[PDB]
Amino acid sequence: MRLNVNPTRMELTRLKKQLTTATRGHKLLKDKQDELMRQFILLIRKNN
Amino acid sequence: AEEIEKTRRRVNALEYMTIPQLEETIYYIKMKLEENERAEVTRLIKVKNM
Amino acid sequence: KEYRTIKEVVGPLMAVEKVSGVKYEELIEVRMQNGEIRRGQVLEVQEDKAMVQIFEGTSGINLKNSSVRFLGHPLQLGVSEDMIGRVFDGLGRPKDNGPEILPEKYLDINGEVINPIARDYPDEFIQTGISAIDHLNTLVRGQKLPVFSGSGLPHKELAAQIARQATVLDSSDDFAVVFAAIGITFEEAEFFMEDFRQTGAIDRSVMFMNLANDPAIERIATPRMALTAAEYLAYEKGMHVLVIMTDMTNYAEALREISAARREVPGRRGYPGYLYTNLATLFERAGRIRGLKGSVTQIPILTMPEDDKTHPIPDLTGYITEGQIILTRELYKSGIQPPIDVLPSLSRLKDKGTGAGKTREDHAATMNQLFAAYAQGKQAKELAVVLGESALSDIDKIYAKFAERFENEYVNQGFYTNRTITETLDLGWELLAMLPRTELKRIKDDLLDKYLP
Amino acid sequence: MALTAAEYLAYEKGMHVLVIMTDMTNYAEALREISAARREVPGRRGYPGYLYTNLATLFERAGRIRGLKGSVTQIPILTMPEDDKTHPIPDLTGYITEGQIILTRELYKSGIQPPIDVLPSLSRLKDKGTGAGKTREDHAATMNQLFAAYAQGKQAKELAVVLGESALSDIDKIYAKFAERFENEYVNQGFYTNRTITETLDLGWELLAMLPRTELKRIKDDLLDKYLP
Amino acid sequence: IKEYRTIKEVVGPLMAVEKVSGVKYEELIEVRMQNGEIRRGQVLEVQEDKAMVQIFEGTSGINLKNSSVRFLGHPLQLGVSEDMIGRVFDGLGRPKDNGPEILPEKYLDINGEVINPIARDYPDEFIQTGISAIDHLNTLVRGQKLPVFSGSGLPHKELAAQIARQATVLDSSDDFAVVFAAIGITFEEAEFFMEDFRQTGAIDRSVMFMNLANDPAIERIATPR
Amino acid sequence: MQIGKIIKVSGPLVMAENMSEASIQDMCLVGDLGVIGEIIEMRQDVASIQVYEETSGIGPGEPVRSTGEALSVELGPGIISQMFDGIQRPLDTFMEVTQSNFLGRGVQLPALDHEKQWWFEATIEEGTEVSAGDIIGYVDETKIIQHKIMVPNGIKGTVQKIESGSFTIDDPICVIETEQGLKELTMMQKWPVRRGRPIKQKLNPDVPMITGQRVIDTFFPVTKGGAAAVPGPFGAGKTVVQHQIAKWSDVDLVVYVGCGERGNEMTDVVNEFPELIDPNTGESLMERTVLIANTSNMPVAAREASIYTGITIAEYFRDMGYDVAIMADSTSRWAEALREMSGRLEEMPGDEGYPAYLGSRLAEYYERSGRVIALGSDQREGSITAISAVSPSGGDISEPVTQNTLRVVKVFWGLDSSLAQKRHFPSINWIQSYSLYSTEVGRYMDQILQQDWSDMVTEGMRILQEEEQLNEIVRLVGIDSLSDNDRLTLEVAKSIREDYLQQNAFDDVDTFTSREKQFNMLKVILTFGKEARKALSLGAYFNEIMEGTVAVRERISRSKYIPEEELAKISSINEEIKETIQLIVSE
Amino acid sequence: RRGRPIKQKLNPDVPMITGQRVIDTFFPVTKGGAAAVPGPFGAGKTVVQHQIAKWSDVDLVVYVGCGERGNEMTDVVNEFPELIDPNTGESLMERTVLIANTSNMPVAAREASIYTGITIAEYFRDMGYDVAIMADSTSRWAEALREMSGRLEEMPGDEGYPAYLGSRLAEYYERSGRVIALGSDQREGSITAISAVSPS
Amino acid sequence: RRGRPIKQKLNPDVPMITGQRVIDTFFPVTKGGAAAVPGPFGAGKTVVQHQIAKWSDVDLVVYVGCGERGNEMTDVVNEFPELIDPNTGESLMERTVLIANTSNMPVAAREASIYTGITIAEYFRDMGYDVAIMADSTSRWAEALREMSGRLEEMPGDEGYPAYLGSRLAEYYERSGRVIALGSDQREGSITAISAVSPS
Ligand SMILES: Nc1ncnc2c1ncn2[C@@H]1O[C@H](COP(=O)(O)OP(=O)(O)O)[C@@H](O)[C@H]1O
Ligand SMILES: Nc1ncnc2c1ncn2[C@@H]1O[C@H](COP(=O)(O)OP(=O)(O)O)[C@@H](O)[C@H]1O
Ligand SMILES: [Mg+2]
Ligand SMILES: [Mg+2]
């Protein structure tokens, strides 16, 4: 839960940018998950 | 259905592992340079008082 | 009155004994045994002695057979009407091989603090020729708008491009451009002087040049000279002046050097404890004054160490200057010229120079529309490369097509391509025309059909 | 005292000396004790500003000289504080010495003997050191291939344990499987087993054999056919 | 008594007195300013004929040539009495409730002495605080050091005052007191306590030492002692 | 006075010998020029001085004259409707005499007008014995303000000689006979800025201040004598908020303190403030306001001593029995100056380079504000309500300045930039904001209004808090699950957001709101969602009511613009909503 | 420590031939340009400078090795006489000048090695030849200055380095570049700086 | 401060029986070995050390209360004399030696407590006995060194601790181990060192 020690200063702000990308990605994949699920449930009822 | 699980894994792995490891690391990194900064400032006062 | 009483020499610092009537920061000059003459400055003076720092170094000095002279005056500048067109050094000495000027009067480069009640706030719009600066983050007279760059981001081209294209509109007052250069490589210095010569801007501007190898003690005096010259052109000649300084990061590095010379302990990040105040002393000297038709506007340029705003140099600068223009590595490496990113960029007094009387009546209304649409287009772009092109609603796809067309045709004009305000405004419409008439909720029924293609 | 006795036996008496020094970390600790006692201006972490120089006056005392048959070769051992490579002691040592051999807890916990992480390690004399005449001519191409393969394989394994093995491509799983087998047999050999250079090279090809020829763009094609299994 | 008119120098809150004798470490002093004002201070270190002191109220407004320093020959003390019950004091034991002055039975160093580990007796007795979460799951014991870890805005004020009045000892002990100590708190926070104590009659069972945020920093660290 | 002699000059530090009669923290004029300075240290007769203006041109041998006093201010007629710097230098008077638009070194001049003549009116009768603070007479400086001249501290006795007439501040308008001797009293008194003015007793700020801004007085009220911290990022319109506070709040005077702010922010304060108009009199607000102005390039001490000058002047009118409101902006810029002065003294730094006494220095300030009982047999009470602005580094409230401020204040009005482009005016985040006076104010407004106002506010915040959590979960699965029972509370909260929290301060009615108006307003929206919750539990699905309640949502925000006298319409809105749902409950 | 006088100074236009595809293509340095190679130990800073010294299209090279390994220098003198490459038909030693300063050599001599290698470069520059000077490593010069600054108990700057580090480095680079020599023959001469920086 | 002389050291190869399943099985300690117990407050540093003092198969136990709670030492002098093992008939207090310098006790005496206990442990080690010493806590010892360091105006050092901290620690633990006591008998004794570290 600490990864590894890589002490640098500009690395901190690049990490903050990496954080925002991760949140962006997490956001994108969350409402992608629901839209894939949206059609999945639709097709199950046809499937069964 | 298979791809949901793959995407679900990625979301979970990203939310539980990746992001918290990032946050807790930048804090421990911030604390380090916070201490290092003033650990030098004190030494400099010793240099000043020579 | 030449004293031959040199007691100590440590580093650039020198100690003179058996003196009187010596003042703080008083200029000195030392006559060597060989005859070589070097200048200096009193960094500290006690009851029967004084410490001085030599600009030209301390190499090869015999203490016994050398002498020091006290000139009885601080660093002053020769003020003259015949100053425009010529190139000077950090101290004010000519570098252009021209007729040495006879100054009207000598003034202390420190200047004085302008009375708060005396200050008159700026309204006049100033055109810089750059769309990203003249429309989205508009420059107003007497404003203090900096530029944030990095090592290798074309901040020297933009610096040249501004002064060349910077012009007051209509106003019958002539336009002065006091350029100041701080601790720059020769190529960069030669670049600027040549570029101002050919464009004829040299005859429309004053130049203060300071190379990197030039002594650090005059690197700090370089802006104070320019600002004093700029104040000499605006407040006592009624001219609208624009000041450009580069580099400001170099100013701090040199400011740090003379602090360790005084053996002063640095406050934060290795920079002295008066950095914020020392910056404010030469930054906050800009703007109109009540009763006078003068104008002083500053565009200080600095390179953020490793592209970081939280660094003391651009951070502390933010507390003093109104807004910021930020250049982006990602943009410059994509061929964007100038590589200005408008999202983090800001101008706190932009609305003061917009609207009828100063610019087109849709200036403010348009500005926010292009701005909001850019962010939305960038967000459409980021989701596109993660979910594919088809996941987008095809009008989010046109917002994406808008957002790259926005950078390639609007933001990117070229370092040698001037853009007048009107040409920039209807250009936005031409780009907003891509978007249908349904989303443009920042513009009203007078202006939307009065200008849209 | 050791390095002087080393250069004495090796040069005056023409012997072949191997210098082992541990713990090298405890040496720099001693310097800082005297430095802090002398109220000297401290460098990083309180260590003397002249640490790089003093350390150099030890490590540089090694090599061979013209006319003299003897040799002095030096293998110092230091424990990295905080397990931190960027610490002054391992930093300055790395800048002086001709490479370094690095141990890792991750490998050591995995039961790897010796736990040598081959990626951040380095030798600065491997060039002129090996090739035809002293080794087989494949010695230069094998290591450079194993490097690029392990670099890709290990990173793929990282992605595997978090996103699943079925999230990799077919060639990724080939490298991921290679990367693991690399650690367990090539790196791990036991502390009491002696591998001749021949056996190592032979094993080298065996481990990288399980890859398509088209992917290996770092080995001579004429060299491949001859030594490829 | 010793009265010395010689002050070598004054720097910040720190003062230097010369030509001195019989002065001790942590000894208490009194500064007689030129305007008659009396400020208290403490000896931080003493060497030879020189003693370094620190002034509580501060060194602001002091003329050296016309001020004098008196060394009281005792460390920071407290006047103790059984009549302290029901009373309210400041950080330095000076009365604050504007009631009658107290004639102390004796004076004690606020540093006190360390209990001999052998002579110590393991706590081993129950205290009823009233709060169930404490009295049952995190029981308070007579002689225990049991702290409360809180946060900003959190009702640790309300909890403290509650315990202050609710806490009693079973077995009908006619003698049970509460010493409430306030350190560097705002005016209203202080008034909250002093008002709740009086209206619940808890003041009659308690001794209060109230120190404020604007009060001298030295007074703030001497308050718990 | 004794004259000193400079023996050393190095930057801002100046040491001068022969300063034996001087005191610590004394102000003194340094060098031939006469620049102001502060005595920090003193060994023997050699005093160390921190010169606050640049020491260029200053050298050893030059004189040093001590003022004999620490940094003080002039308190008397001629102070109101004036603009000074941090050390009380009249900026307009400065310009007139020095004939310059600049601030020159070594320029000393009186703060008040000593040549101006005022008409004094003796209300005190000869023979009575006076105490500290007792009013002897008054001078109508500028109505609305009656400048009540009162007896200074350190003197008391029977008054012998006195009657009205036209005098100046130097003229002894009265004579008291203390047992020490016969000392005459001028109508101006001087007082140190780093020492609080004495009082009889400090009381609790329990009486709410009527600002009229709904978001404040209802959820986050500040009492007379309270203290409030406001973080103002750009765009949040912090200036708009400050102006409304200065004008509408039921205080007697206003003290503005600009500490080390931008040059292009300070003259805005200067010129836009006379443009403000005082409602009760219809005249400019500057006739009610004392202003302190400083810029980021002005002397570092003036920037540091700014808030202490203003709070001292505030304590002066506080002793008159008036209610004062001192506004400081920015205190984060003030602390960024206090930090610098520490560095010059080579003090061992605390958090983020700030001094270790930043908290104490801040605590000393805010503790001087509050409801007090002023000295004097009259035992009149006054109040100082402190409004201070902070400018955090990254919007971070964990920074030392903001943190230490909230440690000694009870009200926090968080200005959010995210709400700014949402056109939420005022831009105050109702979630992060808080007020510890809310409960005490609740008991006050419950009684004086004679309604259950506190219950309405408690209900208001509880709904809005639920909106937050709902928004977090409605972010998932979209509107689904419909949760009409939850969805209802959203339409109430959405309403509560617009009707009350939003108010255009430029609209002639939407800029001020008295108590009974606020009560009637919130009562509508509350009873809406209550009667809306009624038809919910009776089996009626509710979008069918959302369409029926189109006719009432047109009036709930028209009530916002409803005039003062016409609250009759702002009462019929409430039993009207009863019949609407009822007519829809029949279906 | 004195810059050799010139008539005036020119902008470096002509690209150099490194032979290294990475730098010759995407990140090129002109004849008389200033290049820096920052990187941790093992990144190949010395290798690069060796590769540039071997196959550069210049007329003379001054490889300055201060504060770095001794074997690295003995490597150069063992091989460079044996390597042959145009524009010279002869060996590379007939083109190069070595200034060796091992890490265990005296510390004060490190600053000397830099200032001597650049003066020799300025010398052949005045002739009209194109010269390239490789400083390996420039960090050692700074670390050398840091000791002497500490031993003098001077008030240090960032990371203990002297506050005059930035000014002293500028003097070294503003003593390079394409210029025209003195006299009136007006020969053009360029000094290219390939500095090796080794950040901790 | 000077360690008692021995003939020679021996390798600790005999494991100690602590009665703690987690320790004796997975992370055992030998007689003469040394073990560190770093942990936050309330983790069980003191409880663990009390268990070793109670059940370990040693001849003597020397417990050091270095700058910790006074009740934790009072708890021992009371309970230990009432803890009898079934074979001897005699209590546990008849094999223990307690050293107690609590937190509020003079800081300088914390270091003395550490050196007093280990020397006593050496005294019975020379009798051929197996001794086990507990230090609780060694952090308070280091905190004592830092206090006197600042008073002596010494220079750091890491985190305020003096530069000689590691040496003092290394010197301390090196005094433990399997030894051959001086004498013709060449009897064997040992000292097992258990130390609680209290990291911030
Ligand atoms: N361009 C390269 N090609 C092949 N191997 C290289 C290259 N650069 C470095 N190496 C390898 O890395 C090692 C480090 O070389 P060196 O230049 O001394 O590193 P540094 O200068 O960064 O300390 C060399 O011994 C070499 O084997
Ligand atoms: N081995 C254990 N068995 C049961 N409880 C334990 C054990 N170790 C610790 N505890 C509990 O944890 C608490 C902490 O004990 P202690 O050793 O004093 O902590 P530390 O010394 O680490 O500050 C004890 O009160 C005890 O209740
Ligand atoms: Mg190298
Ligand atoms: Mg414990």
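- This entry, as listed in the PDB, derives from X-ray crystallography and reports a resolution of 3.251 Å.

- Where the PDB entry is consulted, chain F appears under the name V-type sodium ATPase catalytic subunit A, with the organism given as Enterococcus hirae ATCC 9790.
- The record lists the entry's title as "Crystal structure of the 2 ADP-bound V1 complex".
- According to the UniProt record, the Catalytic activity comment for chain F reads "4 Na(+)(in) + ATP + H2O = 4 Na(+)(out) + ADP + phosphate + H(+)".
- In UniProt, chain F has this text filed under Sequence similarities: "Belongs to the ATPase alpha/beta chains family."

- The name recorded for chain B in the PDB entry is V-type sodium ATPase subunit D, from Enterococcus hirae ATCC 9790.

1. Details of the site of ligand 1
Part 1: By nearness alone, every residue bordering ligand 1 is listed as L122(D), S123(D), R124(D), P40(G), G42(G), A43(G), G44(G), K45(G), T46(G), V47(G) and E72(G).
Part 2: Neighbouring residues of ligand 1 are distributed over chains D and G.
Part 3: The side chain of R124(D) places a nitrogen or oxygen atom 2.5 Å from an oxygen atom of ligand 1.
Part 4: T46(G) places a polar main-chain atom, nitrogen or oxygen, 2.7 Å from an oxygen atom of ligand 1.

2. So, the side chain of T97(D)
Part 1: Note on placement: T97(D) falls in the loop between α4 (88-96) and β3 (99-100).
Part 2: With near-sequence residues (within four places) excluded, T97(D) lies in contact with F59(D), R124(D) and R69(G).

3. A short note on the environment of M148(H)
Part 1: Relative to the helices and strands, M148(H) resides in helix α5 (residues 138-151).
Part 2: For the pair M148(H) and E68(H), spaced 80 residues apart in the sequence, the C-alpha separation amounts to 18 Å.

4. Remarks on the interface of chain C and chain F
Part 1: With 47 residues of chain C at the contact, the number on the chain F side is 49 residues.
Part 2: Mapped onto the side of chain C that touches chain F, the elements with two or more residues apiece are β5 (37-46), β11 (113-114) and α7 (275-283) of chain C.
Part 3: Residues that form the side of chain C that touches chain F fall into these classes: 24 nonpolar, nine polar and 14 charged.
Part 4: Where β11(C) meets strand β9 (residues 102-103) of chain F, two bridges bridge the pair, whose relative direction is antiparallel.

5. Re helix α4 (residues 263-272) of chain F
Part 1: Buried residues of α4(F): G263(F), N264(F), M266(F), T267(F), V269(F) and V270(F), and no others.
Part 2: Its buried side turned inward, α4(F) meets β12 (119-120) of chain C together with β8 (83-84), β21 (253-261) and β24 (289-295) of chain F.

6. Topic: α7(C)
Part 1: In terms of burial, α7(C) is largely enclosed, as eight of its nine residues are buried.
Part 2: Listed in full, the buried residues belonging to α7(C) are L275(C), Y276(C), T277(C), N278(C), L279(C), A280(C), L282(C) and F283(C).

7. Notes on the side chain of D130(G)
Residues and elements named next belong to chain G.
Part 1: Turning to its location among the elements, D130 is positioned in strand β5 (residues 130-136).
Part 2: The class for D130 is buried, based on a relative accessible area of 17%.
Part 3: When near neighbours in sequence (up to four residues on either side) are disregarded, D130 contacts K31, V58, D59, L60, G189 and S190.

8. Focus: the packing of helix α10 (residues 363-387) of chain C against helix α11 (residues 396-411) of chain C
All names here are of chain C.
Part 1: Two elements in contact, α10 and α11, have axes whose closest approach is 7 Å; the angle formed by their N-to-C orientations is 115°. Between α10 and α11 the crossing geometry is left-handed. Contacts from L370, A373, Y374, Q376, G377, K378, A380 and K381 of α10 reach α11 at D396, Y399, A400, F402, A403, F406, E407 and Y410.
Part 2: Taken together, the residues of the contact of α10 with α11 sort by class into 10 nonpolar, two polar and four charged.

9. A few points about the pattern of salt bridges
All names here are of chain F.
Part 1: One pass over the full model with this rule turns up 105 salt bridges over all chains.
Part 2: For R443, the salt bridge identified is with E440, shortest N-O distance 3.2 Å. Note that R443 and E440 are positioned in helix α10 (residues 438-449) at a spacing of three residues, about one turn of the helix.
Part 3: Note that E498 and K560 form a salt bridge whose closest N and O atoms lie 2.9 Å from each other. Of this pair, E498 sits in helix α12 (residues 484-501) while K560 sits in the loop between α15 (550-553) and α16 (569-585), and the two are 62 residues apart along the sequence.

10. Some details on the nonpolar core
Part 1: With 64 residues, the main nonpolar core has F219(F), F273(F), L291(F), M327(F), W413(F), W453(F) and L464(F) as its most contacted residues.
Part 2: Of all the elements, helix α13 (residues 515-537) of chain F adds the most residues to this core, at seven residues.
Part 3: Counting only domains with at least three residues in this core, you end up with domain 2 (72-115 + 186-435) and domain 4 (436-587) of chain F.
Part 4: Discounting residues that sit within four places of it in the chain, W453(F) has contacts with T218(F), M445(F), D446(F), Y500(F), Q518(F), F519(F) and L522(F).
Part 5: Counting residues in hydrophobic clusters, the runner-up holds 59 residues, among them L136(C), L331(C), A403(C) and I443(C).

11. Re the pairing of strand β4 (residues 28-32) of chain E
All names here are of chain E.
Part 1: Among the five residues that make up β4, four are buried, leaving the element largely enclosed by the rest of the structure.
Part 2: By the bridge criterion, five bridges tie β4 to strand β5 (residues 38-47) in an arrangement that is antiparallel. Bridge pairing links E30 to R40 in β5.
Part 3: Pairing of β4 with strand β7 (residues 68-71) involves four bridges; the strand directions are antiparallel. Each residue of the ladder has a partner; that of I29, found in β7, is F71.

12. Re the domain arrangement of chain F
All names here are of chain F.
Part 1: What the domain assignment lists for chain F is domain 1 (1-71), domain 2 (72-115 + 186-435), domain 3 (116-185) and domain 4 (436-587).
Part 2: At the interface, 33 residues of domain 2 touch 29 residues of domain 4.
Part 3: Considering only the side of domain 2, the residues that lose the most area to domain 4 are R214, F219 and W430, jointly responsible for 28% of the buried surface there.
Part 4: Between the two partners, domain 2 and domain 4, sit one salt bridge.
Part 5: Put simply, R214 and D510 hold a salt bridge, and the shortest N to O gap is 2.2 Å.
Part 6: Counting across the domain 2 and domain 4 interface gives 14 residue pairs in polar contact.

13. Notes on the site of ligand 2
Residues and elements named next belong to chain H.
Part 1: In the vicinity of ligand 2, the residues found are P40, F41, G42, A43, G44, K45, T46, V47 and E72.
Part 2: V47 places a main-chain nitrogen or oxygen 2.8 Å from an oxygen atom of ligand 2.
Part 3: Contact with the protein chains covers 51% of the free accessible surface of ligand 2, which is 560 Å².
Part 4: Here the shell around ligand 2 takes three residues from helix α2 (residues 45-55), the largest share from any one element.

14. Looking at the sheet that holds strand β16 (residues 240-246) of chain C
All names here are of chain C.
Part 1: Judged by pairing direction, the sheet is parallel, and its seven strands sit side by side in the order β9-β15-β14-β16-β18-β13-β19 without closing on themselves. Where the open sheet ends on each side, the last strands, each with one partner, are β9 (87-88) and β19 (325-326).
Part 2: One ladder, built from four bridges, connects strand β14 (residues 175-181) with strand β15 (residues 205-208); its direction is parallel. Counted as the bridge partner of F179 is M207 from β15.
Part 3: Across the sheet, helix α3 (residues 186-198) lies against β9, β14, β15 and β16, angled at about 165° from β15, the strand it touches most.

What counts, and where the lines are drawn
- Residues numbered from 1 in each chain as written, not as in the entry; some residues may be left out.
- Chains lettered and ligands numbered in written order.
- Part of a larger assembly, values for the part shown.
- Heavy atoms only, no water.
- Residues with missing side-chain atoms left out of burial classes, pairs and counts.
- UniProt positions renumbered as here; feature names shortened; annotations may be inferred.
- Near = heavy atom within 4 Å.
- Polar contact = N/O pair within 3.5 Å; in protein donor to acceptor, adjacent residues only side chain to side chain.
- Helix = DSSP H or I, 4+ residues; strand = E, 2+ residues; numbered from the N terminus.
- Contact = heavy atoms within 4.5 Å.
- Nonpolar A, V, L, I, M, F, W, Y, C, P; charged D, E, K, R; others polar.
- Pairing = 2+ DSSP bridges.
- Buried < 20%, exposed > 50% of the residue type's maximum accessible area, 1.4 Å probe, protein only.
- Axes fitted to C-alpha atoms, helices over the stretch in contact; angles between N-to-C directions.
- Left-handed = near helix turned anticlockwise from the far one by under 90°.
- Salt bridge = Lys/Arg side-chain N within 4 Å of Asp/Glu carboxyl O.
- Core = buried A, V, L, I, M, F, W, Y, C linked by side-chain atoms within 4.5 Å.
- Domains from an automatic or database assignment.
- Buried area = accessible area lost by both parts, 1.4 Å probe.
- Areas by Shrake-Rupley, 256 points an atom, 1.4 Å probe, with all protein chains shown as cover.

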